[PDB]
């Protein structure tokens, strides 16, 4: 449930920065998807996320294709959708999304908000969950719903780390 090793952030106010974008959505839709994804975790913990557009943020977000400098290359359409690093300095906490994927703000593959929410859990220190209905479950599966709040299993996960 919680990223192994137990490494976590030691502050409650963290900064993030969107370094580049995706041509499939407007820059505003991208920024909104990120903001809402961080909000899911913020309402269930003491964590407060603030955006900056310059300087070294704690959490860097970016869209890359195949090899992109961290020895973990993406694989083209479908398959790996994105990945993120556990809390720490430097590349720690950063999240990358595969630029070759179709990104949407709809139920069509693949919803940026949903993938981002999942990736940020890793950025915060959570590991994969066995609960098929959890945000942190290993495989992506968009679920049509009206309640846009964190599943109880993910709430337990974050509270276990940050209270």
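Only the largest set of C-alpha atoms that superpose within 1.5 Å between the two forms is called the rigid core. Residue numbers count along the first chain shown, from 1.
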| property | result |
| --- | --- |
| Between stretches 10 to 18 and 137 to 145, more displaced by Cα RMS in 9 other deposited structures of this protein (rigid core superposition) | 137 to 145 |
| Mean temperature factor over C-alpha atoms, higher-scoring stretch between 151 to 159 and 9 to 17 | 9 to 17 |
| Mean temperature factor over C-alpha atoms, higher-scoring stretch between 130 to 138 and 92 to 100 | 130 to 138 |
| From 107, 53, 42, 60, residue of greatest CA B-factor | 53 |
| Third assignment of residue 66 from its chain's C-alpha B-factors | highest |
